[PDB]
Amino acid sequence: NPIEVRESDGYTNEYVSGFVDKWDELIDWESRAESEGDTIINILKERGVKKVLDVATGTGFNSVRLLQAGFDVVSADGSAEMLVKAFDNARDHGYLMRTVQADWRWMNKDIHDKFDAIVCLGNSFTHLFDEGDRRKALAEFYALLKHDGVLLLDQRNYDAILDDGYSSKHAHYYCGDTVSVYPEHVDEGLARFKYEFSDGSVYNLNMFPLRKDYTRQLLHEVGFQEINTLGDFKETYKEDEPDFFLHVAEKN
């Protein structure tokens, strides 16, 4: 059956769509690419990666960055509305995106290749609140990797927030002062972040506060052999603790 673009289906809603639109309206990709550096691209190049699957395309930032770097990218997302934005953003940068609508829990339904690398970036994995769904998603990613493939999966540093550290009592800024991100409510099973933009817009979003070692455990448990977790400093006013972690999980 064909996929229809809807502002409200099972994979996105108008609120989250408004949030990503607001981020993209105020934060240009050039600035974001400079602030994030070439860590992702360099990891892939040092591994000889050619074919990449983006499982969390969103409005397309990671996919377009990888296309610009010369990778063969397939751009998947659960949301058809997101994929339309991502395709047109790629078009605006002079690239033809290969979009596929797919749910992490059945990734090979319409994707039949295997990939040198998968990227699941922008703190996307934390959207899953059910442990069974987490294992299912990581198992689906594992199965889509070639024998010597690698999964790049990032997350916010929830350990520092759950342990009542400095980062739990303070907002974190991105793209200068364009947006602040504040952990309004934190418990073992839920973090609600307040995102306040420079134009006065406020969005409140829920995430599952994955501890760094719990994510590593899940990756090991679905079959990944070696995992290296890197501190990833993205925020404007850097602290002793990174605001993100990047897991580099090798299939074999």
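Start at 1 with the first residue shown and count on from there.
Colleague: Select between 6-14 and 19-27 the stretch whose C-alpha atoms have the higher average B-factor in the entry.
Modeller: Comparing 6-14 with 19-27, the higher mean C-alpha B-factor belongs to 6-14.
Colleague: Tell me which of 49-57 and 36-44 has the higher mean C-alpha B-factor in the deposited entry.
Modeller: Between 36-44 and 49-57, it is 36-44 that shows the higher mean C-alpha B-factor.
Colleague: Would you mind checking which of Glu131, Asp154, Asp77, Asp177 has the top Cα temperature factor in the PDB entry?
Modeller: Checking the PDB record, the top C-alpha B-factor among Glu131, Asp154, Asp77, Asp177 is at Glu131.
Colleague: Say you rank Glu81, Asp164, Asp88, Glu140 by Cα B-factor from the PDB entry; which sits at the top?
Modeller: Across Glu81, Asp164, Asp88, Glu140, the entry lists the biggest C-alpha B-factor for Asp164.
Colleague: Is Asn228 in the lowest, middle or highest third of its chain when residues are ranked by C-alpha B-factor?
Modeller: Top third by C-alpha B-factor.
Colleague: Which third of the chain does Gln68 land in by C-alpha B-factor: lowest, middle or highest?
Modeller: Highest third.
Colleague: Relative to the other modelled residues in the chain, which third contains the C-alpha temperature factor of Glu221: lowest, middle or highest?
Modeller: Ranked within chain, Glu221 CA B lands in the middle tercile.
Colleague: Lowest, middle or highest third: where is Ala160 by C-alpha B factor in its chain?
Modeller: As the PDB entry reports it, the C-alpha B-factor of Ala160 lands in the highest third of its chain.
Colleague: Sorting by Cα B-factor within the chain, modelled residues only, which third would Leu121 end up in: lowest, middle or highest?
Modeller: Lowest third, going by the recorded CA B-factors of the chain.
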